[PDB]
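> Below: the sequence, then the experimentally determined structure.
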Number of protein chains: 6
Amino acid sequence: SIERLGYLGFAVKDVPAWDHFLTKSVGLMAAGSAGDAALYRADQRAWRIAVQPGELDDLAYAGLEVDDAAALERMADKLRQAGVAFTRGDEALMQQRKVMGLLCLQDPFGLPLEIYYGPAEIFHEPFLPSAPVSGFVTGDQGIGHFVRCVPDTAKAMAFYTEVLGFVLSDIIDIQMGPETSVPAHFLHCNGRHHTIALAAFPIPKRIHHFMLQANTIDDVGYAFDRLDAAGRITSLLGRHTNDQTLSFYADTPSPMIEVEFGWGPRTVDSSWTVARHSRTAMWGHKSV
Amino acid sequence: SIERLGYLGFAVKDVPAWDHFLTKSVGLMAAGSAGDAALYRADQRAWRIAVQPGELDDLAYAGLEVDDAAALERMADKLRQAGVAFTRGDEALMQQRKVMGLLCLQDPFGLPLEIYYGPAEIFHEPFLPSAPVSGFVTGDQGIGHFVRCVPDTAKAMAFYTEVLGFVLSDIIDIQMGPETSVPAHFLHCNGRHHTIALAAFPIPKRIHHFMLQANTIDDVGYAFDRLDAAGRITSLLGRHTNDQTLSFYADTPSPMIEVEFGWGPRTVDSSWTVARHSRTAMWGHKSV
Amino acid sequence: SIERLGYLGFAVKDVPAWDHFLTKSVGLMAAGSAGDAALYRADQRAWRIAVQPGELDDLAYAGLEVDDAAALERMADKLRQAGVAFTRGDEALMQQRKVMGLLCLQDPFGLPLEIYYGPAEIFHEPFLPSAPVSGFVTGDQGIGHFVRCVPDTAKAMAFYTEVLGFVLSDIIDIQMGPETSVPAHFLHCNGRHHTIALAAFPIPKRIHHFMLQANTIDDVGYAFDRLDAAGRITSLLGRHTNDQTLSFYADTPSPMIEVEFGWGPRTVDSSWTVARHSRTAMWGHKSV
Amino acid sequence: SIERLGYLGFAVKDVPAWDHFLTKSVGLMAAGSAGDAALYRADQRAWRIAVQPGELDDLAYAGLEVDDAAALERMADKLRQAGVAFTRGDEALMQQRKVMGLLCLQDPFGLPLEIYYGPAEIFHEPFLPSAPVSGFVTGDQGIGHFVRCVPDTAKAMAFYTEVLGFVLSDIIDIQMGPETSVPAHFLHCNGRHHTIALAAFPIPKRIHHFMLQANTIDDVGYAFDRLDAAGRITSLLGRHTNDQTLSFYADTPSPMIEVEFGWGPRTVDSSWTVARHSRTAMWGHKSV
Amino acid sequence: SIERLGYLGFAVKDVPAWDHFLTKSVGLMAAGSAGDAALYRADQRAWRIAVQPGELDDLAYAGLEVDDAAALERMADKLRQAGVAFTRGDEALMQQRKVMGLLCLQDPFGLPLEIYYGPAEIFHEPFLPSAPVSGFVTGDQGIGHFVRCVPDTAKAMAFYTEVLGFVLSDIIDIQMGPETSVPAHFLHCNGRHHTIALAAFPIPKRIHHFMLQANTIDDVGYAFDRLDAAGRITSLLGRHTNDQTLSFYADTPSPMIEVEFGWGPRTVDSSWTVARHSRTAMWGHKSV
Amino acid sequence: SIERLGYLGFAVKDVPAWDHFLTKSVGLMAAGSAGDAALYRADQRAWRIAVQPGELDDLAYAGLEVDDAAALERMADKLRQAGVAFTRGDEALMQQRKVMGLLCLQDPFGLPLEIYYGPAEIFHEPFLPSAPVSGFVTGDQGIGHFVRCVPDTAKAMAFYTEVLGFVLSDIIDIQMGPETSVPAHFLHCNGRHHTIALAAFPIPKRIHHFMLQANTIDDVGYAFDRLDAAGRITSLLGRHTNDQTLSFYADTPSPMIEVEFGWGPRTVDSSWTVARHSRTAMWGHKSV
Ligand SMILES: Oc1cccc(-c2ccccc2)c1O
Ligand SMILES: Oc1cccc(-c2ccccc2)c1O
Ligand SMILES: Oc1cccc(-c2ccccc2)c1O
Ligand SMILES: Oc1cccc(-c2ccccc2)c1O
Ligand SMILES: Oc1cccc(-c2ccccc2)c1O
Ligand SMILES: Oc1cccc(-c2ccccc2)c1O
Ligand SMILES: [Fe+2]
Ligand SMILES: [Fe+2]
Ligand SMILES: [Fe+2]
Ligand SMILES: [Fe+2]
Ligand SMILES: [Fe+2]
Ligand SMILES: [Fe+2]
């Protein structure tokens, strides 16, 4: 079973715009480069987000983390049993990602996934944000979450839960029109209420947004003003019905992909109960 | 010395509008009437806000509280020494306000003030809000605060500090134009960062707004949506530079008088230091 | 200034009934005798309540405590300045009361008061209740409180506050008839919300009741059942509007004198505010 | 006013016996010598107890500490006003005691007292006990306490309270015979329930005992066994009625002078109340 | 009485070197300029340290803060009574320093001091360090401390304590040679163990060093490595005997002026006791 | 599975030097002898470190602890299944080691290991350090850790994890030259981040160092100065990247074997994640 989401790689048309966005607006720390990919940090890991030039303007891959070598072999066993194709990353890839081992595969709809273990940490180069943010909530909960767009939620659910070991937290019927709603399924693989949400949205992107969680409410408030100064705000502040994350949304430089920046959600444990919600926000989140 | 702000009375042109506003939108509890004044509660006091019909569309009076009978006589002594005219409230007024004694006077610019002691409490009729609000922060800090508009800040400061015993917390230069700012003076008389702020604003109202503080951030979030549904929002959520109150503003039914609804400020004590700020918001509070 | 109420002495027609009442029902510890007075303990003091035979069926005296010898002399000075007659207790009385010194006087309406210091404690004979009670709340707050009946509340207030140093906490208008109420004044001399309450009740007793405070709510619950088994209950459980004590009342063997047995009130400090209440109970206390 | 007891000096006939006693049995740290005086530490101070050869076999002097230079001059002023003779310690004495200034005087019955300020600390030579003891409770409460034998308690009380600023905590009537008791007066000058107790005992020593307080109950338990192995125990474990110190007593090498080694007493503050006790122990302390 | 040390201004020969030093090595935030002075922040204040070109290579002035306007006038009164010359800062200076009022004077040996109130804060531009540091401990304790070199400690003590209201914490005899020591006097004006220390050192600088206190021990550890990479370390890590600050020292670009960077000292209150120490370090601080 | 590391035995050429080193410098308590082995304590166990004369100047054996008799038999079963030779310790050895049972074996490269249960404790002889140290962190985490030098890390890993039940925490690539690094594997068997680390170092010793963890940072600071006075320091203070232990290193009297003395690491639990680090220190640890 996947333990947490550890990294994201984007392929974008405007690297300089993404660079400014991730550092000056979001607050991530610039962390050099690996080949043609620019690297960004949010904590002690050598990198958390990679940005490389490309026409996709989308998520290129997502790194799914396990706790040790044996766990990785067990995942390989699960993939084999499920008939899911995969390739072991070679030395060059391991060195590029800074991991001790990885399996390369795709989800049922073409998103490359990399299951890995043994990521590099660099405590001798302590994290220093590029903008005022006290810090990000990562650790055992991983880097954050993202919404995976899919054409068949049922099929997507079978793969993420039966193969990768994610678990359903809850469902929100997200209103699309006067008489049309999309049942978004929010999935956890640790204490983070959701690490991946599945939704049949009509957008031409692999993902709808990625989310980062900051330590304080002020972190979120200040970030709002920075993104507003950049003219990127897509929602006012609000708080979600399901995880109680207080956040706002903004456009990334890649069309139709947003970032969510939030604080203070509830966490999940073994006693979690599946529920359904008719709205995404308990309050706020008006679209701008 | 005044211990806290205990009550506010408004004279307005649309009582039904104010009634709906205070109950369904703000969350106060309807508490009957006393003569032609409708009464509203925020806690265990018999009333905190009174609304009566009148062409003023403004604050008619403010109740300033002291802790006992001797304290009231000491205030009478201070008023006499300062040459400030006042009248002792008669039995009819005491019965109307539900207090054991009061002194009626005006500030240097015509706002009626009532210094009182011994207010009525009704614990046998526990507070029940008219809208979802976990509760208000009152107690020793009083009902909240208001911004007193004045034509001469220096003169106003001498009266409120030298006569009534308020103390300056800090000053914010509130930008009015490209090269014009108003030095707002925020005053305390207890732990509440400010109970009265003095400002030379060019509006034709005795006050710019009154403020209520709720127990939780969700209280504020939910209230925002209620006031937005009523079409009354004047500012987005934000957090102040001086008291760190997280709030939003909305129009009352009386033109040019707003309400501020907030949470989580810092409090003051004997070790407080006077400072100056160039902005009212550390983040947010964009005008709408 | 009086620091706390330390002891009470009753003169009663049925000593055996009072003995059973204080021990088997209330839970006090039998502590021998001193002359014709039976002694009862509630904590580490050698005694707290004394019961002696007499036709009064009433409170014979109340012991008011100060912290040291100098404090006692200062009280003697206050009594002299106020023109209040008093006599220094002789060795025999000091030995009888187990105190290092005392002043004997009366309040304006004939209740004997004894101001003392240096009471005897007996930690080598640890308190053991006669009925199931985890313990009583005494210490700096003294033994409890009592309601002093007076024919002139104003006169009584001047003596207790101006001479003895008690301070008004609040007032409750206790309804006596359809259009008649008695303004009961509750006074403190330490953290205990009230140690003495003054009221112009039409009963022929020096006091309306005395009160003891137990450590837990169960203490109160169990005591209710014991007093109910004895057929003495006068009120159901309830909670007061002013001090938030949760209690019930019961008859003592002396006609028209009750006992109040309670738990969990709020305490007072320097920031206390005088208020007025129209009811004695926020909930409960129905008369039985 | 004296702030705390800081040091004790003994003049004894058997220095080696005292050396072994203070180190191997009590647990103090050997700290070299100053002239013919051996020094012992209990914490960060350069020394706390001094032992020098002499026929007295008794306390030679006690050091009473104040917080600064001005405080010392104020004490000199009090001594002058009271007619108490004193001499300012010269440089040689200051250097010997390791203090910034001192006044040498005697109590009314010949015990030399030294009022000082600015004691030497040696944090670069951290305290290391000579026997298993987690540490001693000193700090603002000073080194411990002692019982001062006096022929006239009233006279002694006037000096210690009126001149030195000590305050009475309480009195215990210590039984000497079938119909004879000694009223011991326990005095504080800080949070320590008592720093000096005054008693008219019929022993030929300036003091009855000195006391040290350890951090844990085990400290006391282990110390008991060490002193028992040395054949010095004079009392079983017990707990005092007045300060609730749990301790035992043992003989020092000087006849009729004991040491008390204890733990866990209650402390005093401004709200302390004078009381009287008929026993020294709530439990235990049987004489051996 | 001075409440805290609020700012420091240096006049130096190598501004670029100081700029790099304060930002990349120490971690302060660059905050623009005011005239020919570069400004640096450590928290919410508009500035804390100023650096301007000059041949002094030394501290040009120190800002001493009070809590309000009345306090400033009271300081002016103290200066007048003491015969100390001073000039009220004009509008240009007030605007330059960003304060509501100030008095300009010098200490007895020529160090310019500025007593001020009403400093500017900029919460809308949250502090962002230039190097990895979780934050600095300032607030009521002010910016940090400095060691003031003086030729006459007695004279310096009279001015700082009798005129400015500082209070002696303790003294350390700092060894200079085999038989020569300098009695350094550490002074407080708030909870910070020392804000100014006075010492008769034989260096040709107004100050020996200034000190900044960080939130964590890691902050100090990481800063050590940064300053070591710059070749500026003058002492190994160590902990002081008097305040228990754990720190290290490094050279600033101005010859013979160092910076101390530390964490975790003890704080002082009304119960503080003057003591003397023979060493500056309980452990560590070896000179490099 | 091994539960913790309980004891270490060294065979050395200079017993007196080791004796002084372990007591006066490190702070261990001398605990007599057993045959030709000198014994040393760090807590309530009868002994933790043994030193005997021998030409090895190295670790002679390490004691690996299990919780009960059944656990020991289960370990014997694991050794048999794995084909690892072992001998049950006879009565003489059990008596020498003070254990209820033990199995004697060697790791793949000749280090004798003893798996035991039922160690002797001596609470009646409470631990007393020979130098100032508040205490050591042992308990369920065992005595500390050591770095086991091995010529084949893969082979060593298979034995320690597959046979003894240790688990990999993380890996650090320890730089040996400009283009050469050694992958050190840190292993846990309880909450202690590592109890044994495996590394292919080119030194001629069975171990690179052993480590003891003290209760406070001051413990470490003071120990540094003691070892520096002895001329044994090999590293400055620093903090590790993987366990966050703050420590320093020093030479033992046996050439090329060091001691690490530290404080405050993070602990591990079931949710631990394997990671890789490029440095041993987040800060400090410069070689001396
Ligand atoms: O973290 C989250 C929690 C709940 C809902 C959303 C969501 C809202 C709008 C569109 C897609 C998802 C979300 O992002
Ligand atoms: O509570 C408050 C704290 C700081 C500023 C304001 C304010 C803002 C705009 C206009 C008037 C006042 C305020 O209300
Ligand atoms: O403790 C108390 C607090 C408030 C009211 C009463 C009271 C009620 C009925 C009659 C007399 C007093 C009381 O006893
Ligand atoms: O600390 C103490 C507290 C109470 C009593 C004693 C005492 C007992 C016997 C003889 C003298 C004093 C004591 O030492
Ligand atoms: O903060 C401090 C506390 C104690 C001593 C010093 C000090 C040490 C060497 C030279 C000058 C001062 C210091 O800086
Ligand atoms: O406890 C530890 C944690 C991390 C690294 C080391 C280490 C450093 C240098 C050489 C060998 C090991 C260590 O001792
Ligand atoms: Fe989301
Ligand atoms: Fe406001
Ligand atoms: Fe009552
Ligand atoms: Fe004693
Ligand atoms: Fe310093
Ligand atoms: Fe190590």
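Looks like it came in fine. Numbering: from 1, shown residues only, chains lettered A, B, ... in the order given. Ligands and ions are numbered 1, 2, ... in the order given.
> For the closest residue to chain B within the stretch 1-150 of chain A, list the residues it contacts.
Using CB to the nearest CB, residue A:132 is the residue of the stretch 1-150 of chain A that sits closest to chain B, at 10.0 Å. Just so you know, the C-beta spots here come from the backbone N, C-alpha and C atoms, and that holds for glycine as well. With contact set as CB atoms under 8 Å, 6 or more residues apart in numbering or on different chains, residue A:132 has these partners: A:27, A:219, A:222, E:126-128.
> Single out the residue in the stretch 101-250 of chain A that lies closest to chain B.
Chain B sits closest to residue A:221 of the stretch 101-250 of chain A, with a gap of 3.8 Å, by CB to the nearest CB.
> Can you get me a residue count around the residue nearest to that residue when sequence neighbours are not counted?
In space, residue A:221 comes closest to residue B:283 once its chain neighbours are excluded; the distance is 3.8 Å by CB to CB, 6 or more residues apart in numbering or on different chains. Here the number of neighbours of residue B:283 (other CB atoms under 10 Å in any protein chain shown) works out to 27.
> Please tell me how far the residue nearest to residue A:162 when sequence neighbours are not counted sits from residue F:72.
Take residue A:162 and drop its neighbours on the chain: the residue closest to it by CB to CB, 6+ apart is residue A:82, 7.3 Å away. For residue A:82, the distance to residue F:72 (CB to CB, to the nearest Å) stands at 43 Å.
> and those two? which has more neighbours close in?
Taking neighbours as other CB under 10 Å, residue A:82 and residue F:72 compare with residue F:72 leading, 22 against 12.
> list the contacts for the more buried one?
Residue F:72 touches F:66, F:101-103, F:115-117, counting by CB under 8 Å, 6+ apart.
> Ok, residue A:53 next?
Contacts of residue A:53 by CB under 8 Å, 6+ apart are A:11-13, A:15, A:36.
> Please enumerate the strands of the stretch 101-250 of chain A.
For the stretch 101-250 of chain A, applying DSSP state E, counting those that start in this stretch gives strands covering A:101-106, A:112-117, A:120-121, A:145-149, A:167-175, A:181-188, A:196-199, A:207-213, A:238-240, A:246-251.
> pretty sure residue A:214 is touching residue A:261, no?
Yes - judged on CB atoms under 8 Å, residue A:214 makes contact with residue A:261 at a distance of 6.7 Å.
> picking up where we left off before, and the closest residue to the residue of the stretch 1-150 of chain A closest to chain B other than its chain neighbours, how far from residue F:44?
In space, and not counting its chain neighbours, residue A:132 is closest to residue E:126: 4.0 Å by CB to CB, 6+ apart. Noted for residue E:126: a distance of 51 Å to residue F:44, by CB to CB.
> what about whatever residue of chain A ends up closest to chain F, how many neighbours?
At 3.9 Å from chain F, residue A:123 is the closest residue in chain A, using CB to the nearest CB. Residue A:123 is flanked by 20 other residues according to other CB under 10 Å.
> Isn't it up against residue F:241?
Yes - between residue A:123 and residue F:241 a contact is recorded at 4.3 Å, counting by CB under 8 Å.
> Return every residue with contacts to both of those two.
F:277, F:279, F:282.
> contacting residues around the last one?
Which is residue F:282. Going by CB under 8 Å, 6+ apart, residue F:282 touches A:123-124, A:126, E:218, E:221-222, F:238-241, F:244.
> How about the second one?
Taking CB under 8 Å, 6+ apart as the criterion, residue F:279 is in contact with A:122-124, F:172, F:175, F:241.
> Please tell me how far residue A:224 sits from residue F:29.
Counting by CB to CB - residue A:224 and residue F:29 are separated by 60 Å.
> again with residue A:101
47 Å.
> more neighbours, those two?
Taking other CB under 10 Å, residue A:101 and residue F:29 do not tie; residue F:29 has more neighbours (22 against 18).
> Run through the bridge partners of the more buried one.
Each beta-bridge partner of residue F:29 is listed here: residue F:41, as defined by DSSP bridges.
> So it is in contact with residue F:38, correct?
No - Residue F:29 is beyond contact range of residue F:38, at 11.8 Å (criterion: CB under 8 Å).
> check contacts around residue A:27.
By CB under 8 Å, 6+ apart, the contact list for residue A:27 reads A:129-133, A:223.
> Tell me if it really is in a helix.
No - counting by DSSP: H, G, I helix; E, B strand; the rest coil, residue A:27 is located in no helix; its state is coil.
> how close does it get to residue A:220?
In terms of CB to CB, residue A:27 sits 11 Å off from residue A:220.
> Ok, residue A:138 next?
Distance from residue A:138 to residue A:220, by CB to CB: 16 Å.
> Distance to ligand 5 for the strands of the stretch 101-250 of chain A - can I get that in a markdown table?
Formatted as a markdown table, the strands of the stretch 101-250 of chain A follow (distance: least, CB to the nearest ligand atom, whole Å):
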| stretch | distance to ligand 5 |
| --- | --- |
| strand A:101-106 | 50 |
| strand A:112-117 | 47 |
| strand A:120-121 | 35 |
| strand A:145-149 | 47 |
| strand A:167-175 | 53 |
| strand A:181-188 | 50 |
| strand A:196-199 | 52 |
| strand A:207-213 | 39 |
| strand A:238-240 | 47 |
| strand A:246-251 | 42 |
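> Figure out which of those strands is closest to ligand 9.
Closest to ligand 9 of the strands of the stretch 101-250 of chain A is strand A:238-240 (CB to the ion; 46.2 Å).
> partners of the closest one in the sheet?
The pairing partners recorded for strand A:238-240 under DSSP bridges are strand A:246-251 (antiparallel), strand A:281-284 (antiparallel).
> Tell me how many other residues crowd the closest residue to residue A:193 other than its chain neighbours.
Spatial nearest neighbour of residue A:193, chain neighbours left out: residue A:243 (3.5 Å); criterion: CB to CB, 6+ apart. Residue A:243: 23 surrounding residues under other CB under 10 Å.
> Please apply the same query to residue A:8.
20.
> Run through the bridge partners of it.
residue A:49, residue A:62.
> Tell me which residues touch it, please.
Applying CB under 8 Å, 6+ apart, the residues contacting residue A:8 are A:48-50, A:59, A:61-63, A:143, A:146, A:210.
> Closest one of those to chain C?
residue A:143 (48.2 Å).
> Quick check: that closest one touching residue A:212?
Yes - between residue A:143 and residue A:212 a contact is recorded at 7.3 Å, counting by CB under 8 Å.
> So residue A:124 sits against residue F:241, correct?
Yes - here residue A:124 reaches residue F:241: they are 6.4 Å apart, a contact under CB under 8 Å.
> where's residue A:4 relative to ligand 8, distance?
43 Å (CB to the ion, to the nearest Å).
> Next, count neighbours for the nearest residue to that residue once chain neighbours are set aside.
Nearest in space to residue A:4, with sequence neighbours left out and distances taken as CB to CB, 6+ apart, is residue A:142 at 3.2 Å. Residue A:142 has 23 neighbours, counted by other CB under 10 Å.
> give the contact list for residue A:142.
Taking CB under 8 Å, 6+ apart, we find residue A:142 in contact with A:3-6, A:65, A:190, A:192, A:195.
> got it, and residue A:216?
Applying CB under 8 Å, 6+ apart, the residues near residue A:216 are A:134, A:263.
> Now do the helices in chain A.
If DSSP state H is used as the criterion, the helices of chain A fall at A:15-20, A:69-82, A:91-97, A:153-157, A:217-229.
> so how far is chain D from the residue lying closest to residue A:228 once chain neighbours are set aside?
Of all residues not flanking residue A:228 in the chain, residue B:286 sits nearest, at 7.4 Å (CB to CB, 6+ apart). Distance, residue B:286 to chain D, using CB to the nearest CB, to the nearest Å: 52 Å.
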